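Chemist: An experimental structure, sequence included, is below.
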Protein chains: 2
Amino acid sequence: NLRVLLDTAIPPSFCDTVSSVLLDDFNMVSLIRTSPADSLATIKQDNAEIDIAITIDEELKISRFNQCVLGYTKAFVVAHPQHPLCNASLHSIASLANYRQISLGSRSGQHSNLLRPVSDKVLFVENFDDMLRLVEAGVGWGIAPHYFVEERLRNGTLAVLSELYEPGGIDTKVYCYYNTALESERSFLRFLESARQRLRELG
Amino acid sequence: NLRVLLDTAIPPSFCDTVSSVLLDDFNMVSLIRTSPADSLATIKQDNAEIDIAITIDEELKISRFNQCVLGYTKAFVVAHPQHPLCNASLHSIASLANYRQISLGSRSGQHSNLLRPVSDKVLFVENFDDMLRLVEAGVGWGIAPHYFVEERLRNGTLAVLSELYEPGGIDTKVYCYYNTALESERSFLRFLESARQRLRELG
Ligand SMILES: Cn1c2ccccc2c2nnc(SCC(=O)Nc3ccc(Oc4ccccn4)cc3)nc21
Ligand SMILES: Cn1c2ccccc2c2nnc(SCC(=O)Nc3ccc(Oc4ccccn4)cc3)nc21
């Protein structure tokens, strides 16, 4: 058995890439979604007995685990078109601190620098669906994965605020935290390459 | 007068891109190198009266300033070829914690998550030259900008340790911290685009 964590920020396609690859070497292969806010929190419980986390979140040293980049994935800051900040420009791209944000919450209650919300006006949720619902009701703005918002953007339901901050949306790194145990074994090195490849070329 | 900070991690070519662009709008334009470890520390002194910092370092809210991405730049983890970790593989890519690192030091004495060294065996320096000298004498490993190490890598003097962590070297974001003042003024928006462009296409 090889237990595996992908946070909800990882595209569902990546999910297809990994899985295929792993079954080449491994016979029993359990997959687990989690909020990016609960990813590292989860693996840090020994009982949870995770072997491989694929998450966007960062933490420097975690006991028992090693870290590496698999690649990068986009997110966008989004709101209801009519949302005050509709107009995108730089005075808006500091104003966010003043507006209500819909950020992911964490079991841990705590957030990492990467994921801790930016405004003091915050409304916590567990997953990006809860988030985007509330945001479609112009209740706030929020950041969510590219994949989640592709649809709604074309279907004029949602507007982007991010561009004048990071054009092309906000690239963030995808980490593989893995059990030190695996580092030696070629089984993993195999995954890692084959994974990495199909992620970039199709990233 | 427009005062400008580029940390030493920013390529010297970028330096050419910015400068040209700014003089189109601005008549007096002072440029200032700094260690990436002193970049933010500097601008936070009001006396230093900086208008625009181009740095790799991150900090969430800084009073008086706004933040945005200009792009991404590579670094590599390097050592003397004969260095114990020569062989690169995953057991090495946790072993770094155990080896002597040559990290940048800071006037501030303090380091940000991004820049704070990884091993407990550390030797501080001010600039990447000091660093790479010591590293060519296999005294430690260290991370340094792509530009700094291109030469020496081809000239077999230095070996890379990073690949199996982040292949293609370690992409990190380049930030523009800028005086809230500028946000309105088109002069800057101009810089920002024209800058951004020539940085990516030639990144
Ligand atoms: C980074 N990131 C992802 C990346 C990729 C996928 C999911 C997430 C994801 N999901 N949730 C959260 S929590 C919110 C937070 O605190 N971060 C945040 C970071 C950049 C922000 O951009 C701007 C834009 C204009 C002006 C100032 N900042 C705004 C907020 N962050 C996420
Ligand atoms: C990130 N970064 C730059 C980026 C671009 C340009 C300059 C620097 C630059 N200059 N100095 C410093 S200080 C050292 C530190 O604490 N960071 C660090 C970060 C990633 C590391 O990679 C690996 C590799 C294998 C296993 C584990 N980690 C190692 C150390 N960091 C820099």
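Modeler: Happy to help now that I have it. Numbers count the residues shown, from 1 in each chain, chains lettered A, B, ... in the order given. Ligands and ions are numbered 1, 2, ... in the order given.

Chemist: Tell me which other helices or strands the strand or helix carrying residue A:191 touches.
Modeler: Assessed by DSSP states H and E, residue A:191 sits inside helix A:186-200. Secondary-structure packing of helix A:186-200 (3 or more C-beta pairs under 8 Å, 6 or more residues apart in numbering or on different chains; DSSP states H and E): helix A:12-23, strand A:69-73, strand A:172-179. For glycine as for every other residue, the C-beta is placed from the backbone atoms N, C-alpha and C.

Chemist: which of the residues in it are buried?
Modeler: A:188, A:191, A:192, A:194, A:195, A:196, A:198, A:199 (16 or more other C-beta atoms under 10 Å in any protein chain shown).

Chemist: Then stretch A:143-161?
Modeler: Using 16+ other C-beta under 10 Å as the test for burial, stretch A:143-161 gives A:143, A:144, A:145, A:146, A:147, A:148, A:149, A:152, A:158, A:159, A:161.

Chemist: which of those are close to ligand 1?
Modeler: Contacts with ligand 1 within these, counted by C-beta under 6 Å from any ligand atom: A:143, A:145.

Chemist: From the buried residues of stretch A:143-161, which land in strands?
Modeler: When DSSP state E is applied, the buried residues of stretch A:143-161 are split such that A:143, A:144, A:145, A:159 fall in strands.

Chemist: Columns distance to chain B on top of the residues you listed, output as JSON lines?
Modeler: Conversion of those to JSON lines gives the following (distance: C-beta to the nearest C-beta, whole Å):
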{"residue": "A:143", "distance to chain B": "14"}
{"residue": "A:144", "distance to chain B": "18"}
{"residue": "A:145", "distance to chain B": "18"}
{"residue": "A:159", "distance to chain B": "19"}
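
Chemist: now, of the helices and strands packed on helix A:186-200, which is deepest in the fold?
Modeler: Neighbour counts (mean count of other C-beta atoms under 10 Å in any protein chain shown) averaged over each of these peak at strand A:172-179, with a mean of 22.

Chemist: name the helices or strands packed onto that one?
Modeler: With contacts taken as 3+ C-beta pairs under 8 Å, 6+ apart, strand A:172-179 sits against strand A:52-55, strand A:65-66, strand A:69-73, helix A:186-200.

Chemist: So the third one, near chain B or not?
Modeler: Yes - contact check for strand A:69-73 against chain B, using C-beta under 8 Å from any C-beta of the partner chain: residues in range are A:69, A:72.

Chemist: Could you list every helix and strand that the next helix or strand after that strand packs against?
Modeler: Downstream of strand A:69-73, the first helix or strand assigned by DSSP H and E is strand A:75-79. The contact analysis (3+ C-beta pairs under 8 Å, 6+ apart) places strand A:75-79 against helix A:128-136, strand A:142-145, helix A:146-154, strand A:159-160.

Chemist: residues making contact with strand A:75-79?
Modeler: Under the contact criterion C-beta atoms under 8 Å, 6 or more residues apart in numbering or on different chains, strand A:75-79 has outside partners A:9, A:85-86, A:96, A:132, A:135, A:138, A:140-146, A:149, A:152-153, A:158-162, A:165, A:169-170, A:172.

Chemist: going on from it, what's the next piece of helix or strand?
Modeler: helix A:92-95.

Chemist: Off-centre distance for that next one?
Modeler: 23 Å (C-alpha atoms, centre = their mean, to the nearest Å).

Chemist: same deal with stretch A:165-183?
Modeler: Stretch A:165-183 sits 9 Å away from the centroid of its parent chain (C-alpha atoms, centre = their mean).

Chemist: just stretch A:149-159 next, same as before
Modeler: That offset, for stretch A:149-159, works out to 19 Å (C-alpha atoms, centre = their mean).

Chemist: do the same with stretch A:144-151
Modeler: On C-alpha atoms, centre = their mean, the centre of stretch A:144-151 falls 11 Å from the chain's centre.

Chemist: Can you show me the CA trace of that stretch as PDB?
Modeler: Output of stretch A:144-151 as PDB, limited to C-alpha atoms (Å, rounded to 0.1, in the frame of the first residue of the first chain):
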ATOM      1  CA  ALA A 144      -8.800  29.700  -6.800                       C
ATOM      2  CA  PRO A 145      -6.900  27.300  -9.100                       C
ATOM      3  CA  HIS A 146      -6.900  28.000 -12.900                       C
ATOM      4  CA  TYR A 147      -8.900  24.800 -13.600                       C
ATOM      5  CA  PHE A 148     -11.700  25.800 -11.200                       C
ATOM      6  CA  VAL A 149     -12.400  29.100 -12.800                       C
ATOM      7  CA  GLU A 150     -11.600  28.500 -16.500                       C
ATOM      8  CA  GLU A 151     -15.300  27.700 -17.200                       C
END
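
Chemist: who's in contact with that stretch?
Modeler: A:8-13, A:73-76, A:78, A:128, A:131-132, A:158, A:169.

Chemist: returning to that earlier point: looking at the buried residues of helix A:186-200, which one is closest to residue A:115?
Modeler: residue A:199 (21.2 Å; C-beta to C-beta).
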